[PDB]
Amino acid sequence: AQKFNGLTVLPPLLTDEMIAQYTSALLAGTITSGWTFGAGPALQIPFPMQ
Amino acid sequence: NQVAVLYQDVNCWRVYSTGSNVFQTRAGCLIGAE
Ligand SMILES: *[C@@H]1O[C@H](CO)[C@@H](O)[C@H](O)[C@H]1NC(C)=O
């Protein structure tokens, strides 16, 4: 603490709340649409058949 | 030719010349935008 001499830290661009959103998006796509959403529009498919 | 200014670590109120349109963010304080 007390910032010592003229040294700073600066904040990151993406906050931790937004990062967690991105990972959650990937989980939804792979569970529902398999790997189809990696190229073109997403198509649904039952999980046991996948 | 319009601009804006960002102050790094100030509780914007040590700033000297300020008018309206003040706003404090996590990074610092910004004057010149709405
Ligand atoms: C900034 O000023 C406000 C009002 O003067 C005060 O409540 C606050 O504790 C100060 N510091 C920060 C980090 O907001």
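Residues numbered from 1 in each chain as written, not as in the entry; some residues may be left out. Chains lettered and ligands numbered in written order. Part of a larger assembly, values for the part shown. Heavy atoms only, no water.

- Judging from the entry metadata, cryo-EM is the method by which this structure was determined, and 3.6 Å is the reported resolution.

- Its PDB title, taken directly from the record, is "SARS-CoV-2 Spike in complex with PVI.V6-14 Fab".

- For chain A, the PDB entry supplies the name Spike glycoprotein and the organism Severe acute respiratory syndrome coronavirus 2.

Quick notes on the overall build of chain A
Link 1 in the chain: A count of helices and strands for chain A gives one helix and zero strands.
Link 2 in the chain: By principal-axis analysis of the C-alpha atoms, chain A measures approximately 60 × 20 × 10 Å.
Link 3 in the chain: A total accessible area of about 4800 Å² is found for chain A, and carbon and sulfur atoms account for 69% of it. (Helix = DSSP H or I, 4+ residues; strand = E, 2+ residues; numbered from the N terminus. Areas by Shrake-Rupley, 256 points an atom, 1.4 Å probe, with all protein chains shown as cover.)

Some words on the sheet that holds strand β3 (residues 29–31) of chain B
Residues and elements named next belong to chain B.
Link 1 in the chain: Spatially, β1-β3-β2 is the arrangement adopted by the three strands of the open sheet, whose pairing is antiparallel. Lying at the two open borders of the sheet, with one neighbouring strand each, are β1 (5–7) and β2 (22–24). Shown here is a sheet whose adjacent strand axes are inclined to one another by a mean of 20°, direction ignored.
Link 2 in the chain: Pairing analysis gives three bridges linking β2 to β3, with the strands arranged antiparallel. If you follow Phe23 over to β3, its bridge partner there is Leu30. (Pairing = 2+ DSSP bridges. Axes fitted to C-alpha atoms, helices over the stretch in contact; angles between N-to-C directions.)

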